[PDB]
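**Q** Sharing a structure here in structure tokens format.
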Amino acid sequence: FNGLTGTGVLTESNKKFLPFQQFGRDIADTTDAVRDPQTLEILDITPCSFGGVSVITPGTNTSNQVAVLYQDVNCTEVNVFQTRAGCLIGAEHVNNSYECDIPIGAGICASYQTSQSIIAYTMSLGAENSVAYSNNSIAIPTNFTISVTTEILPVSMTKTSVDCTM
Amino acid sequence: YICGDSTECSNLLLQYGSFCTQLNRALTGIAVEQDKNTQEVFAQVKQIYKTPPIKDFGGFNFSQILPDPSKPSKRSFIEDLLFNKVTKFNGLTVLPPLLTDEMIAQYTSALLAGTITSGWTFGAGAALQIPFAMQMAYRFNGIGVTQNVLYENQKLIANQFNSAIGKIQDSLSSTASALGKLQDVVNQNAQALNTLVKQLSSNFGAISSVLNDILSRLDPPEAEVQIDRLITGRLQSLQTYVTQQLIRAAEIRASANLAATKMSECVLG
Amino acid sequence: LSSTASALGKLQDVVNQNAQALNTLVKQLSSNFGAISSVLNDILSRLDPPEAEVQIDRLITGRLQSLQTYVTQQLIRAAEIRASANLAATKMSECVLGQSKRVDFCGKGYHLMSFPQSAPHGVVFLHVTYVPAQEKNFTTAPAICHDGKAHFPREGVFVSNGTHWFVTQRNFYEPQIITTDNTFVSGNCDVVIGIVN
Amino acid sequence: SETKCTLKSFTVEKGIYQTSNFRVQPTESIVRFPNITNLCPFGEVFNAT
Ligand SMILES: *[C@@H]1O[C@H](CO)[C@@H](O[C@@H]2O[C@H](CO)[C@@H](O)[C@H](O)[C@H]2NC(C)=O)[C@H](O)[C@H]1NC(C)=O
Ligand SMILES: *[C@@H]1O[C@H](CO)[C@@H](O[C@@H]2O[C@H](CO)[C@@H](O)[C@H](O)[C@H]2NC(C)=O)[C@H](O)[C@H]1NC(C)=O
Ligand SMILES: *[C@@H]1O[C@H](CO)[C@@H](O[C@@H]2O[C@H](CO)[C@@H](O)[C@H](O)[C@H]2NC(C)=O)[C@H](O)[C@H]1NC(C)=O
Ligand SMILES: *[C@@H]1O[C@H](CO)[C@@H](O[C@@H]2O[C@H](CO)[C@@H](O)[C@H](O)[C@H]2NC(C)=O)[C@H](O)[C@H]1NC(C)=O
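From first to last, the protein sequence lines are chains B, F, W and R.
Just so you know, the first sequence maps onto residues 543 to 620, 641 to 676, 689 to 740 in the deposited numbering.
Just so you know, the second sequence maps onto residues 741 to 827, 854 to 1035 in the deposited numbering.
Just so you know, the third sequence maps onto residues 938 to 1134 in the deposited numbering.
Just so you know, the fourth sequence maps onto residues 297 to 345 in the deposited numbering.
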């Protein structure tokens, strides 16, 4: 637009550019709303989709199947399942919520499961154990266990030292 | 961020190399830590407990904090008040929180159900149903007051508790600054990001802030030096930003460990 | 511990982070930072000292900026390590050197003991915790109206399988007969809500 | 293989790894310049009485 180079989805703008307003600008000196040089008409811009490409995999030794999650991109653009974190290619979406292994995002997780394949679902927050409350019932433990757990804590780090000139 | 798809910048950035891979690693660590924080705080219960419909807690009205089914997001009225209180295209993206707000709501629901029906044993082992009056009597024993005080004043204590819950509702609804801390957190983050955006407008000693303008004006031999100045400036801004956010995430992790310590001690005991 | 190496993942991560940083520093010696080369000897052999000075200034600025970035990363990481070390010292003092009644601060369950074990740049506690295993339902009551005097359990629960009444502990099942010394008297049996006979 | 290259050394294990950046590339390039100056009366410099 008169030497103005820029990329993005060019829609139309209702933004009232007073006659002296040809192109708009943003907080990062990037034009947001533009106009026509030949037959003067206003337009809007939304830079079209960029996004991350993150690979979901079980261990390579376990399998070589992959679930490619495109984040910040709806694969309307590019076994495809639409999440809220983005969308997966290569993972069937099961509805049975299990305890999840590979956190995909937006509450959705994947796992390797059977015909072995990568499956995506929503996080089961746990077995919905409803405690049978009552105004006069109590639960007393009769037997117990002595369970020993391990608690790992980093204490120190490598006491490094650098010489500046060298 | 450093350049909007300008290949000359891409190459002059390969001259620097890992200077941004570093940053990405750092930010990814931060994100993972955020996830860990959330899990530390809420994912301390093992099984999702569910409150029974019989609200025979001896007058202790808990409707205002137990989840309301009618709402699309199963959230307690208090949590709704809180949610109402608290309110680019240059690589700057906001990854989604792994745990949705609704899963956190269900986690707090399970925690409330456990601490109401079983009191605290649900945190040590499996949940053990116990009449809420007796659970408050054991809490009173823990304070140093004997069971007789509670059991003889159950109605009065229930009334005081319900009135206090109402007062909390009023204070949360009226004074937004009650949640100031959280707002501040959000604000800080936004501020940082906005400042990053604005750093794209500084010259850093070059002719312009648009690498396209530099390349269109100056020949590539000198446009390379100008783009080097601009790249140094923007990379320094990125380093400053990721350092700010590393420190802020360290502080957030400290506060999250404090919150987990609370959730374990007061709530679960 | 023998099978799952990832049990010590945290410590490994620490080491890895450190190594990573150092390696990246090494690799920063290969970046040009806008100069002709990454070897100051090559710059000095190619360019005259008057211009080799400007090129070496670019290279020095780049490497010094890398060093500053690195020392900042490691300052933050050492702050985090110090936080974790203060947590470990608090543990070593409370659980090991005593018995921490802080619920689930020293392992899921009632904490009995702990046993510290060294590890490369870290510690591993063997939190020995009590966990109640089997559960039984019982009919309970806040108090017991014996002779119009409400009787409250001194320490424990009023339990009843369905025929007699007993006093027990809140974490084990020793149903004892309700003498006048397992309970103390307080008031009448009307103010109590749910009192039995 | 992209992921194996991201880790830069080893064979991938369980999890999720951010690898690359997809971008919907511009379909084409729209060029729009004006006739620069509004209008001149060539129709009268040529078709004069
Ligand atoms: C406990 O809380 C519930 C819910 O807020 C109260 O029930 C409400 O009472 C008001 C006033 O009559 C009604 O307008 C609401 O429609 C009721 N809500 C429901 C869900 O029933 C109840 O009165 C409270 N009890 C006490 C003693 O505070
Ligand atoms: C102890 O304080 C409570 C209030 O916290 C008193 O309960 C109040 O009693 C007055 C007079 O009957 C009522 O108007 C209030 O509505 C009661 N408040 C509640 C929350 O129930 C109680 O009477 C006081 N007891 C003594 C012995 O002074
Ligand atoms: C509740 O526990 C009491 C005490 O164990 C039971 O009473 C015992 O019943 C057995 C079998 O008849 C007798 O041999 C014992 O001598 C009884 N002991 C006492 C204290 O009398 C009672 O049967 C149990 N009730 C239920 C329903 O389990
Ligand atoms: C314990 O004993 C008292 C007194 O016998 C019981 O209270 C009586 O309950 C009956 C039936 O509702 C009434 O007709 C009497 O008038 C009540 N008497 C008094 C003094 O209140 C009480 O129900 C008994 N509790 C149990 C668990 O058996």
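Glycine included, each C-beta is placed from N, C-alpha and C at the ideal position.
Do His-1064 (chain W) and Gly-1044 (chain W) have their beta-carbon atoms positioned less than 8 Å apart in this structure?
**A** Their beta carbons are under 8 Å apart, which means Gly-1044 (chain W) touches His-1064 (chain W) by this criterion.
**Q** Taking Cβ-Cβ distances shorter than 7 Å, what residues in chain W pair up with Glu-661 (chain B)?
**A** Result: empty, since nearest Cβ-Cβ is about 17 Å, beyond 7 Å.
**Q** If we ignore side chains and look at the alpha-carbon of each, how far apart do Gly-799 (chain F) and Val-1128 (chain W) end up?
**A** Going by the C-alpha atoms only, they are around 15 Å apart.
**Q** Counting only the same chain and skipping the five closest in sequence on each side, list residues whose C-beta sits under 7 Å from that of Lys-1073 (chain W).
**A** The residues are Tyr-1110.
**Q** Hey, quick one: how far does the beta strand (DSSP E) through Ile-587 (chain B) stretch, first residue to last?
**A** Run containing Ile-587 (chain B): 584-588, per the beta strand (DSSP E) assignment.
**Q** Going along the stretch 588-601 of chain B in order, which residues come within less than 8 Å of chain R, judged by CB to CB distance?
**A** Residues passing the 8 Å Cβ filter: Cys-590, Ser-591, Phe-592, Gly-593, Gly-594, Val-595, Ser-596, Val-597, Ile-598, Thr-599, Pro-600, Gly-601.
**Q** Is DSSP giving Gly-1059 (chain W) helix, strand or coil here?
**A** In this structure, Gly-1059 (chain W) counts as strand in the three-state DSSP scheme.
**Q** Closer than 7 Å is what we want: which residues have a beta carbon that near any heavy atom of ligand 3? List them in chain order.
**A** After applying the 7 Å Cβ criterion, the set is W:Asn-1098, W:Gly-1099, W:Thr-1100, W:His-1101.
**Q** Counting Cβ pairs closer than 8 Å, one from the stretch 966-983 of chain F and one from the stretch 994-1007 of chain F, do we hit at least three?
**A** Flag = yes, the stretch 966-983 of chain F and the stretch 994-1007 of chain F touch.
**Q** What are the residues that DSSP puts in a beta bridge with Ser-691 (chain B)?
**A** Paired residue(s): B:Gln-675.
**Q** Could you tell me whether the Cβ of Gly-1099 (chain W) comes closer than 8 Å to any Cβ of chain F?
**A** It does not: the Cβ of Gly-1099 (chain W) has no partner Cβ on chain F nearer than 8 Å.
**Q** Between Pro-1090 (chain W) and chain B, is there a C-beta pair that is closer than 8 Å?
**A** No, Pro-1090 (chain W) does not count as interfacial toward chain B.
**Q** For a test of your reading of the model: does the CB of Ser-1021 (chain F) fall under 7 Å from any non-hydrogen atom of ligand 1? Yes or no.
**A** Answer for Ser-1021 (chain F): no, Cβ out of range of ligand 1.
**Q** Please identify, using Cβ separations under 9 Å, the residues of the stretch 781-792 of chain F that lie next to chain W, in order along the chain.
**A** Hits within the stretch, in order: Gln-784, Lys-786.
**Q** Using 8 Å as the limit for Cβ to Cβ distance, is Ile-1132 (chain W) near chain B?
**A** By this cut-off, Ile-1132 (chain W) is not an interface position.
**Q** Does any CB atom of chain C fall closer than 8 Å to the CB of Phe-855 (chain F)?
**A** Included in the structure are the protein chains B, F, W and R, with no chain C among them.
**Q** Please list, in chain order, the residues of the stretch 703-729 of chain B that have any C-beta partner in chain F closer than 8 Å.
**A** Per Cβ criterion, the list reads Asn-703, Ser-704, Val-705, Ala-706, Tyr-707, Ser-708, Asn-709, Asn-710, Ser-711, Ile-712, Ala-713, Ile-714, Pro-715.
**Q** Go ahead and pull the three-state DSSP assignment for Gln-954 (chain W).
**A** The answer is helix: DSSP assigns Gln-954 (chain W) an H, G or I state.
**Q** Given that a residue counts as buried once 16 or more other Cβ atoms are within 10 Å of its Cβ, and exposed if not, what is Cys-743 (chain F)?
**A** Counting Cβ neighbours within 10 Å, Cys-743 (chain F) comes out buried, since at least 16 surround it.
**Q** Please return the same chain residues whose Cβ sits closer than 7 Å to the Cβ of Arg-567 (chain B), not counting the five positions on each side in sequence.
**A** Hits under 7 Å: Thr-573, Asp-574.
**Q** For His-1101 (chain W), count neighbouring Cβ atoms within 10 angstroms of its own Cβ and tell me buried if that reaches 16, exposed if not.
**A** Exposed, because fewer than 16 other Cβ atoms sit within 10 Å of the Cβ of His-1101 (chain W).
**Q** Closer than 7 Å by beta-carbon distance: list the chain B residues that pair up with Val-963 (chain F), in chain order.
**A** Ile-569, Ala-570, listed in chain order.
**Q** List the endpoints of the continuous alpha helix (DSSP H) containing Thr-778 (chain F).
**A** First-last of the alpha helix (DSSP H) with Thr-778 (chain F): 761-782.
**Q** Would you mind telling me which residues of chain F sit closer than 7 Å to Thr-1009 (chain W), beta carbon to beta carbon, in chain order?
**A** Within chain F, the residues near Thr-1009 (chain W) are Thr-1009.
**Q** Nearest to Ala-892 (chain F) by CA position, among B:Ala-706, B:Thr-553, B:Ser-673, is which residue?
**A** Checking every option, the nearest Cα to that of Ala-892 (chain F) belongs to B:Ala-706.
**Q** Check each residue of the stretch 302-330 of chain R: if its Cβ is closer than 7 Å to any Cβ of chain B, include it; give the result in chain order.
**A** Listed in sequence order: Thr-307, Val-308, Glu-309, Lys-310, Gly-311, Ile-312, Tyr-313, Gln-314, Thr-315, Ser-316, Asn-317, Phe-318, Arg-319, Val-320, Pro-322, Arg-328, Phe-329, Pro-330.
**Q** Using a C-beta to C-beta distance shorter than 9 Å, which residues of chain R count as neighbours of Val-620 (chain B)?
**A** Within chain R, the residues near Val-620 (chain B) are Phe-318, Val-320.
**Q** Kindly indicate which three-state DSSP category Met-697 (chain B) falls into: helix, strand or coil?
**A** Of the three classes helix, strand and coil, the one that applies to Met-697 (chain B) here is coil, per DSSP.
**Q** Looking at chain F, which residues of the stretch 644-656 of chain B have a Cβ within less than 8 Å of any of its Cβ atoms?
**A** Of all residues in the stretch 644-656 of chain B, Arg-646, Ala-647 have a Cβ within less than 8 Å of some Cβ in chain F.
**Q** Is it the case that the CB of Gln-926 (chain F) approaches a heavy atom of ligand 2 more closely than 7 Å?
**A** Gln-926 (chain F) Cβ: within cutoff of ligand 2.
**Q** Could you tell me whether the Cβ atoms of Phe-898 (chain F) and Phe-797 (chain F) are closer together than 8 Å?
**A** In contact: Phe-898 (chain F) and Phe-797 (chain F) (Cβ atoms closer than 8 Å).
**Q** Verify whether the separation of the beta carbon atoms of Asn-544 (chain B) and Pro-589 (chain B) is less than 8 Å.
**A** Not closer than 8 Å, so no.
**Q** For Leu-546 (chain B) versus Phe-565 (chain B), is the C-beta spacing smaller than 8 Å?
**A** Contact: yes.
**Q** Specify whether the stretch 304-316 of chain R and the stretch 1112-1121 of chain W touch according to this definition: at least 3 beta carbon pairs, one from each stretch, less than 8 Å apart.
**A** No: fewer than three Cβ pairs fall under 8 Å.
**Q** Please tell me whether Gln-580 (chain B) has its Cβ less than 8 Å away from any Cβ of chain R.
**A** Yes, because at least one Cβ of chain R sits closer than 8 Å to the Cβ of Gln-580 (chain B).
**Q** Is there a C-beta anywhere in chain F that falls below 8 Å from the one on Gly-669 (chain B)?
**A** Yes, its Cβ sits closer than 8 Å to a Cβ of chain F.
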